[PDB]
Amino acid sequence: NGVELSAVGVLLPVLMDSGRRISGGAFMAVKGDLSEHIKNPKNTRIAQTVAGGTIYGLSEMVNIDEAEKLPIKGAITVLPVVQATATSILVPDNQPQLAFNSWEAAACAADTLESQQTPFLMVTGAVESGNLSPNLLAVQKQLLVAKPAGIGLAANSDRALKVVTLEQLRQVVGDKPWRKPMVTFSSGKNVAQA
């Protein structure tokens, strides 16, 4: 069970531990307030940012202080997705708890996305003072999410499409046409580490 929504935003890879195997999935930092589609009662924390923005879909396992320093001016909801196209997503009813801060580069890029289409590119990394932090898990996100889904990944890492500043990330998400109609991802019920 899930809901298909018209939506524009920026995809981000997540990893999930089921004690035996690490698997991969995706969330999207979606533009707008979509908090009515949050179905995990742990992901019920909201971050209001210094720039006037509001981010929904967060849990206690996210560093909220770092989320509140993001240069996001509008509403962003981070939702799990099992399918995405240029203009829609499919949000599963079974939703994992979102943890950590690697969704921030996508949420910043989704906030200043002016194109009206989601870029065909996934983005990972935490944001601190207009820069992407150094990356830890791009290689594992490549292996478990982006490469099997057939889509590029941007990260502060030379094993991704490399971006260091929020300004560079904005340029890179601006022109990413869809090389196929849809990407799909596995879902999990286990904590999603973004």
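In this text, residue numbers run from 1 along the sequence as written.
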For 148-156 versus 60-68, entry-based mean Cα B-factors point to 60-68
Ranked by mean Cα B-factor in the entry, 6-14 and 180-188, top stretch is 180-188
In this crystal structure's PDB entry, the residue among 139, 51, 38, 30 with the greatest CA B factor is 51
Highest CA B factor of 86, 113, 76, 123, as deposited, is found at 113
Chain thirds by Cα B factor, record data; residue 127 belongs to the highest
Of the three thirds of the chain ranked by Cα temperature factor, residue 43 occupies the lowest
Assert third(CA B-factor, residue 117) within chain per record equals highest
